[PDB]
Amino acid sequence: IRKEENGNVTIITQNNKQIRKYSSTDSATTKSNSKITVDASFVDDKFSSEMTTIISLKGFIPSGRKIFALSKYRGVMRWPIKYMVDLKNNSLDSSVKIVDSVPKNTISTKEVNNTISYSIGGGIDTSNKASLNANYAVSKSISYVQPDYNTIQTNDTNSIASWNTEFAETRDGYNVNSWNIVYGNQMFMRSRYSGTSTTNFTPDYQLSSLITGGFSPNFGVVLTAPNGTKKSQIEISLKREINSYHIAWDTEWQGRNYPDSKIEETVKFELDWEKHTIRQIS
């Protein structure tokens, strides 16, 4: 397959048949300083019965971690047990559809690599693997990291694709279910007999970057639309759940994780299928 560049246009030729790809990028910042970036690739394929747009979602959700002493004998580490991302298609009434998305099902690897491949005619192939060793007319790579976390697709329909990236288990084998009758839950406990109430949490170099910094998701969807479609809408929601991991000293440190708070923010984007643009609206 031959491809050639012309700014935001890629002319793709495969066996006498030619298609075009138009790129559009928009960025938005939320009230709580979460970041969302959408890369839309509008495909123009006269040999396909409909219009196809591939959307790459890249974001940053701050961990919101805080460490403070309740007293000399009780310390608290607030941390993001769960990150949630929704891409909602608001135009199913106009028969605009999400026809595929990645990641699929559940992914547990520290590094996530997905691939969205388009074939002339409309065909779509989605892989939870990396590529790009195949001769697809258009392939889009998706990649992010999630040390100590897992990602599950909780919704996968024409109307919505949803992902939960939730804490799984520490390297030492502790999770939110761990309970030792003496030391309680020790998932983020640096030691059982040392440190102060704000000094005895797992050092930063031994915590997931999702806890020390934040989550940098990269997810993907594919939308289709009837040939004449001018505009459609999507909504992207970023959600973070914070928990409070308490350590309390009796004659040793005892650990316990409590629920705390949830923050959800939503950004709206309009797709102009004629001008090949994606713009935040509202």
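In this text, residue numbers run from 1 along the sequence as written.
Between 133 to 141 and 189 to 197, the higher mean Cα B-factor belongs to 133 to 141. A summary of the deposited B-factors shows that, of 27 to 35 and 236 to 244, the stretch with the larger mean C-alpha value is 27 to 35. Per the deposited record, 46 carries the highest C-alpha B-factor of all listed residues (231, 66, 58, 46). Residue set 147, 123, 173, 80: peak C-alpha B-factor at 123 (per PDB entry). Sort the chain's modelled residues by C-alpha temperature factor and residue 51 lands in the middle third, per the entry.
Per the PDB record, residue ranking by Cα B-factor puts residue 227 in the highest third of the chain. In this PDB entry, the Cα temperature factor of residue 251 sits in the top third of its chain's modelled residues, the highest group. Ranked by Cα temperature factor within the chain, residue 85 sits in the lowest third according to the deposited record. When the CA B factors of the chain's modelled residues are split into thirds, the value for residue 127 lands in the highest one.
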